[PDB]
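Have a look at the structure below before the remarks.
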Amino acid sequence: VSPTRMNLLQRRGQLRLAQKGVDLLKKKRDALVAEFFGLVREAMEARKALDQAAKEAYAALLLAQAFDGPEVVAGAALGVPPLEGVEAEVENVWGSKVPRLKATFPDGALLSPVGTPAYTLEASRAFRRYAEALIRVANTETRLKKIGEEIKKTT
Amino acid sequence: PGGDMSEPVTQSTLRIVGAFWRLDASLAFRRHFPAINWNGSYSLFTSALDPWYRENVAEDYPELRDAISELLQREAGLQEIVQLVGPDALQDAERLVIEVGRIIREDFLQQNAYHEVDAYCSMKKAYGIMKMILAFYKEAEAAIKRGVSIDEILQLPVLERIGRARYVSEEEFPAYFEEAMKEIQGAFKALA
Amino acid sequence: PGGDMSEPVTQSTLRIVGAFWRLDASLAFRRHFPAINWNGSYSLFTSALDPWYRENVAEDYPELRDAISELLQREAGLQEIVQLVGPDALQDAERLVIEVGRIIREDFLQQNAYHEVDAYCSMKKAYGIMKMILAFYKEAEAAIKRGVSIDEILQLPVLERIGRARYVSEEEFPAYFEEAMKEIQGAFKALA
Amino acid sequence: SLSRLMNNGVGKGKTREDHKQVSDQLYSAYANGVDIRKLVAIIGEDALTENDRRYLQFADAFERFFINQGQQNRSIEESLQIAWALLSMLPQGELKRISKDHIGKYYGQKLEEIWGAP
Amino acid sequence: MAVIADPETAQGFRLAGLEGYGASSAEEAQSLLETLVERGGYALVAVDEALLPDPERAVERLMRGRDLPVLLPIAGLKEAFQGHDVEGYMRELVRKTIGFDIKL
């Protein structure tokens with residue numbers, strides 16, 4: 001690069017631009033840190049809620065095994081179809097696009113939904129609530145991980 | 001004389017001239033003539049000539065000129081961030097400003113001195129082109145407020161209509177201006 | 001002129017002087033005066049003055065000064081972590097040393113020259129202030145390792161004794177120092 | 001910009017007693033506003049809090065009314081009234097550079113009268 | 001969605017509509033999990049911690065290509081009723097993501 005006074009002025013302008021960019025990126029990293037802390041608190045709360053729902057769902061399932069018997073449960077489980085109300089969507093977070101999961105399993109999708117094996121119906125109820133907590137946990141945790149990788153890129 | 005603008009001849013000329021049209025080598029490399037450096041140029045005759053423009057060109061012409069200068073300044077401000085993070089990190093409003101600045105640079109400022117029609121441009125033709133660009137920017141900002149993404153906006157056929165308004169002849173121009181304004185109104189009303 | 005310490009006059013001056021009290025603008029904006037940068041300053045007269053200190057002030061003055069400088073050094077080693085996460089988010093021991101450093105800065109290092117009593121201070125008063133602060137830090141660290149009252153320490157009545165010694169007279173000082181020492185003992189040993 | 005001898009000229013018995021604190025508060029608030037203005041272009045307006053938006057709108061209105069005065073002649077009282085009107089956009093108690101006496105005395109005047117003809 | 005877990009809860013998974021498999025070793029868990037990755041169908045796999053603590057470490061070479069599959073670790077049936085603090089998992093998660101250990 002040829003040394004001229006105009007080149008010196010341009011280089012000093014470049015230096016000021018670089019310093020201002022460094023400060024701006026630090027501010028962006030601070031904002032990402034605050035969002036990360038909020039999201040990790042939410043994810044912890046969702047995780048413990050999911051744990052409680054899973055415990056009570058397993059308790060109801062074991063009681064349904066004890067009362068209705070394995071054959072009646074298997075006949076109920078054979079009729080009920082697998083998860084068909086599945087929807088996949090994408091969400092933007094700080095310029096990055098992340099996927100989310102959706103479930104919509106109703107009582108109408110069930111086969112012979114009348115709860116004559118009552119404890120089996122209770123197990124289905126608790127498993128539906130378990131699924132709600134599970135999808136909440138999945139979405140919150142994947143958002144948290146993407147925020148973490150964004151912070152790493154900024155650093 | 002030697003290399004650059006710090007030589008005493010240019011410095012002595014700077015203090016006794018009312019206008020200063022600085023040229024750029026980087027713009028002339030990529031064949032973007034007339035290659036006037038917009039950031040390092042100025043004029044001092046704007047305010048005195050303002051009464052003449054109101055009578056002989058249009059009543060709102062200085063406001064259009066000020067809006068164009070404001071858009072160019074906004075584009076120049078955002079380019080520092082683009083070097084820092086890249087074009088993907090900008091929000092939709094700033095991306096729209098960047099694209100409109102590119103449109104102004106490619107269409108309005110550029111002028112081919114060896115073309116048969118583009119070599120000369122009257123005042124009212126320039127006023128019409130500025131009016132078209134500002135109307136397009138207003139419509140685009142309104143459509144941004146309605147939730148339209150920027151990528152589908154740039155696919156509109158009215159973009160080619162604006163970009164080739166230079167080569168329209170002087171007497172053919174008013175019909176082209178009317179048709180372009182009608183198309184500008186029509187395109188954005190059906191989008192959202 | 002440009003803030004460069006590599007300027008010829010400053011660089012020629014630095015090769016022959018025995019002390020160097022570098023100031024900075026950032027401490028001046030925050031109105032912490034004097035604005036001495038304790039990370040960029042240095043002195044080469046400490047070792048020779050050490051015999052005079054223990055012969056006329058106290059036998060434990062140099063070691064107390066070294067401990068104070070070390071505690072100041074530790075706080076600057078944690079700023080990079082604080083630049084990532086908030087000060088309260090850190091461990092209680094690191095929060096303790098950060099609060100001790102903040103107390104040391106804001107109380108000990110401040111002196112106002114536009115004030116009737118904040119512009120002068122003798123040697124013995126400063127030595128007593130350093131002794132009280134160091135004892136408070138040591139006892140608070142002992143209480144943190146004990147495992148109780150990690151935030152009640154930051155509200156003890158010692159905070160009045162520590163901040164009060166900045167305005168104690170030279171004649172009333174030994175009583176204040178003794179009372180502060182016994183207050184520290186009674187507060188740390190017997191509260192929990 | 002900077003004036004070294006401003007401290008001697010202002011005070012009591014000359015201009016008005018709230019001059020220095022008002023100048024300090026205006027300086028700090030304008031600096032915060034322009035920093036937030038440069039930050040918005042990356043993170044977007046919705047990522048901000050409420051008070052950063054308050055600072056941003058204060059910075060814009062500060063430029064538009066206080067700086068862009070045109071060919072008008074303003075006395076010192078008019079300038080101080082405009083400055084106090086712009087500080088009223090910030091919430092009371094956020095003004096950390098001013099004593100509470102002057103905040104009780106002067107805060108709360110509407111900007112819109114000046115908006116009619118600034 | 002699919003879930004790898006103990007055979008006891010597999011019947012409940014089939015009742016609720018979940019695709020459940022019963023297994024007890026890490027080898028068959030990893031092979032079945034990557035088979036579920038390659039096969040067309042639901043993109044979510046849930047893992048009991050007793051067979052594979054980190055399924056991302058199992059599919060780390062398939063994860064480097066595409067990040068659309070979703071994996072989720074959880075306590076097993078035996079670990080569920082005896083229970084534990086999930087905050088240790090949170091500390092491990094934040095220490096993994098930042099590289100820094102804070103907020104116990």
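Starting from 1 in every chain, residues are counted up; chains themselves are A, B, ... following the order of the structure tokens, and ligands are numbered from 1 as listed.
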Name all residues at most 8 Å from region 141-148 of chain B (count only C-alpha atoms; drop same-chain ones fewer than 5 positions away) and give them as a PyMOL selection string. chain B and resi 92-93+96+153+188+191-192
Counting only C-alpha atoms, which residues from chain D have an atom at most 10 Å from any atom of chain A, and could you show them as a PDB file with C-alpha atoms, in the first residue's frame?
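Saved the output as out_5.pdb:
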ATOM      1  CA  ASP D  35     -25.956   4.425  21.566  1.00  0.00           C
ATOM      2  CA  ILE D  36     -29.391   2.777  21.708  1.00  0.00           C
ATOM      3  CA  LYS D  38     -27.076   2.399  16.844  1.00  0.00           C
ATOM      4  CA  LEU D  39     -28.017  -0.810  18.705  1.00  0.00           C
ATOM      5  CA  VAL D  40     -31.597  -0.941  17.372  1.00  0.00           C
ATOM      6  CA  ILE D  42     -29.090  -4.870  14.773  1.00  0.00           C
ATOM      7  CA  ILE D  43     -31.316  -6.149  17.539  1.00  0.00           C
ATOM      8  CA  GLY D  44     -34.589  -4.521  16.463  1.00  0.00           C
ATOM      9  CA  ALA D  47     -35.875  -6.628  21.683  1.00  0.00           C
ATOM     10  CA  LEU D  48     -35.521  -3.414  23.689  1.00  0.00           C
TER      11      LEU D  48
END
Identify, on the basis of only C-alpha atoms, every residue whose closest approach to residue 65 (chain D) does not exceed 9 Å; exclude the query and any residue fewer than 4 positions from it along the same chain; express the result as an mmCIF file with C-alpha atoms, in the first residue's frame.
data_model
loop_
_atom_site.group_PDB
_atom_site.id
_atom_site.type_symbol
_atom_site.label_atom_id
_atom_site.label_comp_id
_atom_site.auth_asym_id
_atom_site.auth_seq_id
_atom_site.Cartn_x
_atom_site.Cartn_y
_atom_site.Cartn_z
ATOM 1 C CA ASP D 60 -34.910 11.903 18.291
ATOM 2 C CA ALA D 61 -37.124 14.621 19.777
ATOM 3 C CA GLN D 69 -34.069 25.769 15.640
ATOM 4 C CA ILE D 82 -37.534 23.489 26.039
ATOM 5 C CA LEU D 86 -37.631 17.305 26.783
ATOM 6 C CA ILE D 114 -43.345 23.901 22.035
ATOM 7 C CA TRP D 115 -44.328 21.296 19.420
ATOM 8 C CA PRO D 118 -40.326 25.162 18.304
#
Restricting the calculation to only C-alpha atoms: of A:13, A:40, A:8, A:148, which residue gets closest to residue 91 (chain E)?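 Checking each of A:13, A:40, A:8, A:148 against residue 91 (chain E), counting only C-alpha atoms, the winner is A:40.
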Residues of chain C within 9 Å of chain A, counting only C-alpha atoms - could you list those as a VMD selection string? chain C and resid 83 to 85
For the residues in that selection, give me N, CA and C atoms as an mmCIF file, in the first residue's frame.
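Ended up saving to result-v8.cif:
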data_model
loop_
_atom_site.group_PDB
_atom_site.id
_atom_site.type_symbol
_atom_site.label_atom_id
_atom_site.label_comp_id
_atom_site.auth_asym_id
_atom_site.auth_seq_id
_atom_site.Cartn_x
_atom_site.Cartn_y
_atom_site.Cartn_z
ATOM 1 N N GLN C 83 -17.815 -8.924 32.697
ATOM 2 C CA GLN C 83 -18.179 -8.437 31.373
ATOM 3 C C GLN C 83 -19.050 -9.420 30.602
ATOM 4 N N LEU C 84 -19.181 -10.657 31.074
ATOM 5 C CA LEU C 84 -20.050 -11.649 30.456
ATOM 6 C C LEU C 84 -21.374 -11.817 31.186
ATOM 7 N N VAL C 85 -21.347 -11.951 32.512
ATOM 8 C CA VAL C 85 -22.549 -12.149 33.311
ATOM 9 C C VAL C 85 -22.579 -11.106 34.419
#
Superposition check: chain C onto chain B, every Cα matched in order, least-squares RMSD of 1.3 Å
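Within the 9 Å cut-off around residue 39 (chain A), using only C-alpha atoms and omitting residues fewer than 4 positions from it on the same chain, the listed residues are residues 34, 35, 43, 44, 140, 141, 143, 144 and 147 of chain A.
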Just the selected residues (N, CA, C and O atoms), exported as a CSV table (one decimal), in the first residue's frame, please.
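What landed in selection24.csv:
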chain,number,residue,atom,x,y,z
A,34,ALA,N,-28.7,-11.7,28.6
A,34,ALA,CA,-29.9,-11.6,29.4
A,34,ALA,C,-31.0,-12.5,28.9
A,34,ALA,O,-31.7,-13.2,29.7
A,35,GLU,N,-31.2,-12.6,27.6
A,35,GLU,CA,-32.2,-13.5,27.0
A,35,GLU,C,-31.8,-15.0,27.4
A,35,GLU,O,-32.7,-15.8,27.7
A,43,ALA,N,-36.5,-23.0,31.0
A,43,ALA,CA,-36.3,-24.4,30.7
A,43,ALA,C,-36.2,-25.3,31.9
A,43,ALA,O,-36.7,-26.4,31.9
A,44,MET,N,-35.6,-24.8,33.0
A,44,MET,CA,-35.5,-25.6,34.2
A,44,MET,C,-36.9,-25.8,34.8
A,44,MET,O,-37.2,-26.9,35.2
A,140,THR,N,-38.5,-25.4,24.4
A,140,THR,CA,-37.7,-24.5,25.2
A,140,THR,C,-36.3,-24.8,25.2
A,140,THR,O,-35.4,-23.9,25.1
A,141,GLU,N,-35.9,-26.1,25.3
A,141,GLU,CA,-34.5,-26.5,25.3
A,141,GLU,C,-33.8,-26.3,24.0
A,141,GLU,O,-32.7,-25.8,24.0
A,143,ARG,N,-34.5,-23.9,21.8
A,143,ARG,CA,-34.3,-22.5,21.7
A,143,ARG,C,-33.1,-22.1,22.6
A,143,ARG,O,-32.3,-21.2,22.2
A,144,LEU,N,-33.0,-22.7,23.8
A,144,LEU,CA,-31.9,-22.4,24.7
A,144,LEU,C,-30.6,-22.7,24.0
A,144,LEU,O,-29.6,-21.9,24.1
A,147,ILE,N,-29.7,-20.2,21.3
A,147,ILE,CA,-29.2,-18.9,21.9
A,147,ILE,C,-27.7,-19.1,22.4
A,147,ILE,O,-26.9,-18.2,22.2
Residues of chain B near chain D: apply a cut-off of 9 Å, count only C-alpha atoms, and supply the list as an NGL selection string. :B and (78 or 81 or 89-91 or 93-94)
Write out, as a tab-separated table (two decimals), in the first residue's frame, the residues just selected, with C-alpha atoms.
chain	number	residue	atom	x	y	z
B	78	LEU	CA	-25.99	1.37	7.52
B	81	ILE	CA	-22.85	-2.32	10.11
B	89	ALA	CA	-28.25	-9.71	10.25
B	90	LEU	CA	-30.11	-6.53	9.30
B	91	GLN	CA	-33.83	-6.17	9.96
B	93	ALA	CA	-36.65	-2.00	7.34
B	94	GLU	CA	-32.90	-1.50	7.03
Kindly provide the residues of chain A that approach chain E to within 8 Å, each paired with its closest atom pair and their distance in Å to one decimal, based on only C-alpha atoms, listed by chain and increasing number, as CSV.
residue,atom,partner,partner_atom,distance
A:40,CA,E:90,CA,8.0
A:44,CA,E:90,CA,6.5
A:47,CA,E:86,CA,7.2
A:48,CA,E:86,CA,6.5
A:51,CA,E:80,CA,7.4
A:54,CA,E:80,CA,7.6
A:55,CA,E:80,CA,5.9
A:58,CA,E:9,CA,7.4
A:61,CA,E:12,CA,6.6
A:73,CA,E:11,CA,7.7
A:74,CA,E:11,CA,7.0
A:76,CA,E:15,CA,6.9
A:77,CA,E:15,CA,4.0
A:78,CA,E:15,CA,7.3
A:80,CA,E:15,CA,6.2
A:81,CA,E:17,CA,6.0
A:82,CA,E:17,CA,3.7
A:83,CA,E:17,CA,4.8
A:99,CA,E:68,CA,7.1
A:123,CA,E:12,CA,7.5
A:124,CA,E:16,CA,5.9
A:127,CA,E:16,CA,6.2
A:128,CA,E:16,CA,7.0
A:138,CA,E:72,CA,7.0
A:145,CA,E:97,CA,6.9
A:148,CA,E:97,CA,5.6
A:149,CA,E:97,CA,7.3
A:152,CA,E:98,CA,7.3
For those residues, write N, CA, C and O atoms to a file as a compact mmCIF listing (two decimals), in the first residue's frame.
# COMPACT_ATOMS: atom_id res chain seq x y z
N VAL A 40 -32.99 -20.05 30.22
CA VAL A 40 -32.55 -21.20 31.01
C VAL A 40 -33.41 -21.36 32.26
O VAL A 40 -33.70 -22.49 32.68
N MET A 44 -35.56 -24.80 32.99
CA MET A 44 -35.49 -25.55 34.24
C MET A 44 -36.88 -25.81 34.81
O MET A 44 -37.21 -26.93 35.24
N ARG A 47 -38.62 -28.42 32.78
CA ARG A 47 -38.05 -29.74 33.01
C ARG A 47 -38.62 -30.38 34.27
O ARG A 47 -38.99 -31.56 34.27
N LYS A 48 -38.71 -29.61 35.37
CA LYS A 48 -39.25 -30.23 36.58
C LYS A 48 -40.75 -30.51 36.46
O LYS A 48 -41.23 -31.53 36.98
N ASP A 51 -40.97 -33.73 34.66
CA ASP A 51 -40.63 -34.85 35.53
C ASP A 51 -41.81 -35.26 36.40
O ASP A 51 -42.10 -36.46 36.55
N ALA A 54 -44.46 -36.99 34.23
CA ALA A 54 -44.02 -38.33 33.87
C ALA A 54 -44.19 -39.31 35.03
O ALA A 54 -44.64 -40.44 34.84
N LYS A 55 -43.83 -38.87 36.24
CA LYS A 55 -43.98 -39.75 37.41
C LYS A 55 -45.44 -40.15 37.61
O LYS A 55 -45.75 -41.34 37.78
N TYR A 58 -46.70 -42.56 34.88
CA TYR A 58 -46.23 -43.93 35.07
C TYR A 58 -46.97 -44.61 36.21
O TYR A 58 -47.27 -45.81 36.14
N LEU A 61 -50.29 -45.64 34.84
CA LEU A 61 -50.13 -46.77 33.93
C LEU A 61 -49.92 -48.08 34.69
O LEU A 61 -50.45 -49.12 34.30
N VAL A 73 -55.47 -53.98 28.10
CA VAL A 73 -54.66 -52.81 27.74
C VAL A 73 -54.10 -52.96 26.33
O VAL A 73 -54.10 -52.02 25.53
N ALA A 74 -53.62 -54.17 26.00
CA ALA A 74 -53.11 -54.42 24.65
C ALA A 74 -54.20 -54.31 23.60
O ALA A 74 -53.95 -53.81 22.50
N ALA A 76 -56.80 -52.36 23.91
CA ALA A 76 -57.04 -50.93 23.82
C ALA A 76 -55.94 -50.24 23.02
O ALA A 76 -56.22 -49.38 22.17
N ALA A 77 -54.68 -50.60 23.28
CA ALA A 77 -53.56 -49.96 22.60
C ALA A 77 -53.51 -50.31 21.12
O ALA A 77 -53.07 -49.48 20.31
N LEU A 78 -53.93 -51.52 20.75
CA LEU A 78 -53.97 -51.89 19.34
C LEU A 78 -54.97 -51.05 18.56
O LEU A 78 -54.70 -50.66 17.42
N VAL A 80 -56.13 -47.93 19.30
CA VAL A 80 -55.77 -46.51 19.25
C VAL A 80 -54.61 -46.31 18.28
O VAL A 80 -53.56 -46.97 18.43
N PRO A 81 -54.74 -45.44 17.28
CA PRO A 81 -53.68 -45.27 16.29
C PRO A 81 -52.51 -44.50 16.86
O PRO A 81 -52.64 -43.84 17.90
N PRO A 82 -51.34 -44.55 16.21
CA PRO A 82 -50.22 -43.72 16.65
C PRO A 82 -50.47 -42.24 16.39
O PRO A 82 -51.52 -41.84 15.89
N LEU A 83 -49.48 -41.43 16.75
CA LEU A 83 -49.62 -39.98 16.61
C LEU A 83 -49.72 -39.58 15.15
O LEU A 83 -48.78 -39.76 14.37
N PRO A 99 -36.57 -25.14 14.10
CA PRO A 99 -37.83 -25.87 13.95
C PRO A 99 -38.53 -26.11 15.27
O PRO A 99 -37.88 -26.23 16.32
N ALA A 123 -54.81 -43.61 32.46
CA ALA A 123 -53.46 -43.67 31.93
C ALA A 123 -53.34 -42.85 30.64
O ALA A 123 -52.35 -42.14 30.43
N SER A 124 -54.35 -42.94 29.78
CA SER A 124 -54.35 -42.14 28.55
C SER A 124 -54.39 -40.64 28.87
O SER A 124 -53.70 -39.85 28.22
N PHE A 127 -50.98 -39.62 30.17
CA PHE A 127 -50.02 -39.62 29.07
C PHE A 127 -50.21 -38.43 28.14
O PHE A 127 -49.23 -37.91 27.59
N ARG A 128 -51.45 -37.98 27.95
CA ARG A 128 -51.68 -36.78 27.15
C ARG A 128 -51.07 -35.55 27.83
O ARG A 128 -50.40 -34.73 27.17
N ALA A 138 -39.22 -29.70 24.94
CA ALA A 138 -38.43 -29.81 23.71
C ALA A 138 -38.22 -28.45 23.06
O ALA A 138 -37.08 -28.08 22.73
N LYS A 145 -30.48 -23.88 23.41
CA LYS A 145 -29.22 -24.29 22.78
C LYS A 145 -28.85 -23.39 21.61
O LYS A 145 -27.67 -23.06 21.42
N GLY A 148 -27.40 -20.25 22.97
CA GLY A 148 -26.03 -20.48 23.39
C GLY A 148 -25.03 -20.45 22.25
O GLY A 148 -23.96 -19.83 22.35
N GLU A 149 -25.38 -21.09 21.13
CA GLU A 149 -24.46 -21.06 19.99
C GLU A 149 -24.36 -19.66 19.38
O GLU A 149 -23.29 -19.28 18.89
N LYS A 152 -21.85 -17.85 21.48
CA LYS A 152 -20.50 -18.29 21.13
C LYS A 152 -20.00 -17.64 19.85
O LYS A 152 -18.84 -17.21 19.77
I need the strand (DSSP E) residues of region 12-78 of chain E per DSSP on the backbone, written as a PyMOL selection string. chain E and resi 19-22+44-48+70-74
With N, CA and C atoms kept, could you save the residues just selected as an mmCIF file, in the first residue's frame?
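Output below, filename again-v9.cif:
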data_model
loop_
_atom_site.group_PDB
_atom_site.id
_atom_site.type_symbol
_atom_site.label_atom_id
_atom_site.label_comp_id
_atom_site.auth_asym_id
_atom_site.auth_seq_id
_atom_site.Cartn_x
_atom_site.Cartn_y
_atom_site.Cartn_z
ATOM 1 N N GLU E 19 -44.404 -44.131 19.640
ATOM 2 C CA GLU E 19 -43.684 -45.280 19.098
ATOM 3 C C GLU E 19 -42.613 -45.665 20.113
ATOM 4 N N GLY E 20 -42.876 -46.722 20.873
ATOM 5 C CA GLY E 20 -41.999 -47.137 21.955
ATOM 6 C C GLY E 20 -41.249 -48.416 21.623
ATOM 7 N N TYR E 21 -40.014 -48.497 22.114
ATOM 8 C CA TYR E 21 -39.175 -49.678 21.977
ATOM 9 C C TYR E 21 -38.572 -50.024 23.329
ATOM 10 N N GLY E 22 -38.440 -51.320 23.602
ATOM 11 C CA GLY E 22 -37.845 -51.770 24.846
ATOM 12 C C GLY E 22 -36.452 -52.340 24.674
ATOM 13 N N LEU E 44 -38.712 -36.828 16.049
ATOM 14 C CA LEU E 44 -38.412 -36.682 17.466
ATOM 15 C C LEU E 44 -38.209 -38.054 18.092
ATOM 16 N N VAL E 45 -37.090 -38.218 18.793
ATOM 17 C CA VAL E 45 -36.769 -39.440 19.519
ATOM 18 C C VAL E 45 -36.498 -39.070 20.970
ATOM 19 N N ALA E 46 -37.168 -39.754 21.891
ATOM 20 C CA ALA E 46 -36.960 -39.548 23.316
ATOM 21 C C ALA E 46 -36.158 -40.705 23.895
ATOM 22 N N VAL E 47 -35.195 -40.368 24.750
ATOM 23 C CA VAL E 47 -34.212 -41.329 25.236
ATOM 24 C C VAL E 47 -34.286 -41.404 26.754
ATOM 25 N N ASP E 48 -34.288 -42.625 27.278
ATOM 26 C CA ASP E 48 -34.056 -42.868 28.694
ATOM 27 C C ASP E 48 -32.557 -42.810 28.953
ATOM 28 N N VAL E 70 -34.732 -34.179 16.385
ATOM 29 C CA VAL E 70 -34.789 -33.666 17.749
ATOM 30 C C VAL E 70 -34.641 -34.835 18.711
ATOM 31 N N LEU E 71 -33.734 -34.699 19.675
ATOM 32 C CA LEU E 71 -33.459 -35.736 20.657
ATOM 33 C C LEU E 71 -33.635 -35.168 22.056
ATOM 34 N N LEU E 72 -34.172 -35.980 22.961
ATOM 35 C CA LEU E 72 -34.458 -35.488 24.302
ATOM 36 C C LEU E 72 -34.167 -36.563 25.341
ATOM 37 N N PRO E 73 -33.214 -36.331 26.244
ATOM 38 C CA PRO E 73 -32.952 -37.308 27.308
ATOM 39 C C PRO E 73 -33.855 -37.110 28.515
ATOM 40 N N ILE E 74 -34.175 -38.202 29.208
ATOM 41 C CA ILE E 74 -35.065 -38.157 30.362
ATOM 42 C C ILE E 74 -34.743 -39.348 31.256
#
Pull the closest atom pair for each residue of region 1-44 of chain D that gets at most 12 Å from region 87-90 of chain D, along with the distance in Å to one decimal, counting only C-alpha atoms, ordering rows by chain and then ascending residue number, as JSON lines.
{"residue": "D:21", "atom": "CA", "partner": "D:87", "partner_atom": "CA", "distance": 11.6}
{"residue": "D:22", "atom": "CA", "partner": "D:87", "partner_atom": "CA", "distance": 8.7}
{"residue": "D:23", "atom": "CA", "partner": "D:87", "partner_atom": "CA", "distance": 10.8}
{"residue": "D:24", "atom": "CA", "partner": "D:87", "partner_atom": "CA", "distance": 11.7}
{"residue": "D:25", "atom": "CA", "partner": "D:87", "partner_atom": "CA", "distance": 8.4}
{"residue": "D:26", "atom": "CA", "partner": "D:87", "partner_atom": "CA", "distance": 7.7}
{"residue": "D:27", "atom": "CA", "partner": "D:87", "partner_atom": "CA", "distance": 11.3}
{"residue": "D:28", "atom": "CA", "partner": "D:87", "partner_atom": "CA", "distance": 11.5}
{"residue": "D:29", "atom": "CA", "partner": "D:87", "partner_atom": "CA", "distance": 8.8}
{"residue": "D:30", "atom": "CA", "partner": "D:87", "partner_atom": "CA", "distance": 10.6}
{"residue": "D:33", "atom": "CA", "partner": "D:90", "partner_atom": "CA", "distance": 11.4}
Write the residues of the selection above to a file with N, CA, C and O atoms, as a PDB file, in the first residue's frame.
ATOM      1  N   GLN D  21     -26.921  21.244  36.304  1.00  0.00           N
ATOM      2  CA  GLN D  21     -27.489  19.903  36.376  1.00  0.00           C
ATOM      3  C   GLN D  21     -28.270  19.570  35.114  1.00  0.00           C
ATOM      4  O   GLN D  21     -28.223  18.434  34.627  1.00  0.00           O
ATOM      5  N   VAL D  22     -28.990  20.552  34.568  1.00  0.00           N
ATOM      6  CA  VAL D  22     -29.731  20.342  33.329  1.00  0.00           C
ATOM      7  C   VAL D  22     -28.779  20.018  32.186  1.00  0.00           C
ATOM      8  O   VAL D  22     -29.026  19.095  31.400  1.00  0.00           O
ATOM      9  N   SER D  23     -27.671  20.758  32.084  1.00  0.00           N
ATOM     10  CA  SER D  23     -26.703  20.481  31.024  1.00  0.00           C
ATOM     11  C   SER D  23     -26.106  19.084  31.162  1.00  0.00           C
ATOM     12  O   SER D  23     -25.978  18.352  30.169  1.00  0.00           O
ATOM     13  N   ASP D  24     -25.750  18.693  32.389  1.00  0.00           N
ATOM     14  CA  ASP D  24     -25.173  17.368  32.611  1.00  0.00           C
ATOM     15  C   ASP D  24     -26.157  16.262  32.245  1.00  0.00           C
ATOM     16  O   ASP D  24     -25.792  15.279  31.577  1.00  0.00           O
ATOM     17  N   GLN D  25     -27.415  16.415  32.668  1.00  0.00           N
ATOM     18  CA  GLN D  25     -28.427  15.411  32.375  1.00  0.00           C
ATOM     19  C   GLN D  25     -28.688  15.307  30.880  1.00  0.00           C
ATOM     20  O   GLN D  25     -28.839  14.199  30.350  1.00  0.00           O
ATOM     21  N   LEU D  26     -28.740  16.448  30.184  1.00  0.00           N
ATOM     22  CA  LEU D  26     -28.943  16.423  28.741  1.00  0.00           C
ATOM     23  C   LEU D  26     -27.803  15.707  28.037  1.00  0.00           C
ATOM     24  O   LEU D  26     -28.040  14.908  27.121  1.00  0.00           O
ATOM     25  N   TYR D  27     -26.563  15.967  28.461  1.00  0.00           N
ATOM     26  CA  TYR D  27     -25.416  15.298  27.853  1.00  0.00           C
ATOM     27  C   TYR D  27     -25.511  13.784  28.010  1.00  0.00           C
ATOM     28  O   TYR D  27     -25.401  13.032  27.027  1.00  0.00           O
ATOM     29  N   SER D  28     -25.734  13.323  29.245  1.00  0.00           N
ATOM     30  CA  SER D  28     -25.772  11.883  29.494  1.00  0.00           C
ATOM     31  C   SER D  28     -26.921  11.215  28.747  1.00  0.00           C
ATOM     32  O   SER D  28     -26.743  10.146  28.138  1.00  0.00           O
ATOM     33  N   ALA D  29     -28.100  11.839  28.765  1.00  0.00           N
ATOM     34  CA  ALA D  29     -29.258  11.241  28.118  1.00  0.00           C
ATOM     35  C   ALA D  29     -29.081  11.174  26.608  1.00  0.00           C
ATOM     36  O   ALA D  29     -29.457  10.177  25.981  1.00  0.00           O
ATOM     37  N   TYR D  30     -28.497  12.213  26.004  1.00  0.00           N
ATOM     38  CA  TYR D  30     -28.278  12.181  24.561  1.00  0.00           C
ATOM     39  C   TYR D  30     -27.271  11.107  24.170  1.00  0.00           C
ATOM     40  O   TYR D  30     -27.439  10.437  23.139  1.00  0.00           O
ATOM     41  N   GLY D  33     -29.048   7.839  24.278  1.00  0.00           N
ATOM     42  CA  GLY D  33     -29.978   7.732  23.169  1.00  0.00           C
ATOM     43  C   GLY D  33     -29.305   7.366  21.862  1.00  0.00           C
ATOM     44  O   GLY D  33     -29.801   6.515  21.121  1.00  0.00           O
TER      45      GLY D  33
END
For residue 77 (chain D), please output as number ranges by chain all residues within 12 Å (counting only C-alpha atoms; exclusion window: fewer than 2 positions along the same chain). D: 15-19, 73-75, 79-84
CA of residue 107 (chain A) to CA of residue 56 (chain A): how many Å, to one decimal?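 CA of residue 56 (chain A) lies 20.3 Å from CA of residue 107 (chain A).
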